[PDB]
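Taking the form deposited in one PDB entry, here's one chain by itself in structure tokens.
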């Protein structure tokens, strides 16, 4: 019975989430990962960060992050100079993020309504991940 594999189900879930979050964020012109990195930057501001230090925070691989960061800076959402690396939010980035928030907020509410207590489940999942990590 492989249907219950923690890795499998969580992986399958996360992907479906990525799809729905992408769909919902369509109008803001952001992908879930892009939106994520932006949010992170808007939170931490620019700032000097390692690509691995950033990729880990968003929960992606360096290659994926970097490639995305490229398409993002290429689109004038972020400004990336040398520090490590200096990443900054552009006015346009702030705009897209601001526009994306309500969209992300709607899908978040619609998705986490499938569980009795989201905070509970979230913490569990995260605890499950950190558990895996420490393994």
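Rigid core (definition): largest C-alpha set, two forms, superposition within 1.5 Å. Numbering follows the first chain given and starts at 1.
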| request: Check the entry and tell me how many residues of the deposited sequence have no coordinates between residue 102 and residue 103: none, 1 to 3, 4 to 9, or 10 or more. | output: none
| None, 1 to 3, 4 to 9, or 10 or more: how many residues of the deposited sequence lack coordinates between residue 110 and residue 111? | none
| query | With respect to the recorded C-alpha B factors, which stretch has the higher mean value, 56-64 or 32-40? | reply | 56-64
| task | Averaging only over Cα atoms, indicate whether 46-54 or 88-96 has the higher B-factor in the PDB entry. | result | 46-54
| query | Sorting the chain's CA B-factors, does residue 127 end up in the lowest, middle or highest third? | reply | middle
| Which third of the chain does residue 19 land in by C-alpha B-factor: lowest, middle or highest? | lowest
| remark: residue 72: CA temperature factor from the record, placed by chain third, in the middle
| Relative C-alpha B-factor of residue 1, binned into the chain's lowest, middle or highest third | highest
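One more form of this protein, deposited in another entry, exists but is not displayed; see below.
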| query | Of 97, 103, 89, 55, which one's CA moves 2 Å or more between this form and the one not shown, core aligned? | reply | 55
| When the two forms are laid on each other by their rigid core, does residue 65 show a Cα shift of 2 Å or more between this form and the one not shown? | yes
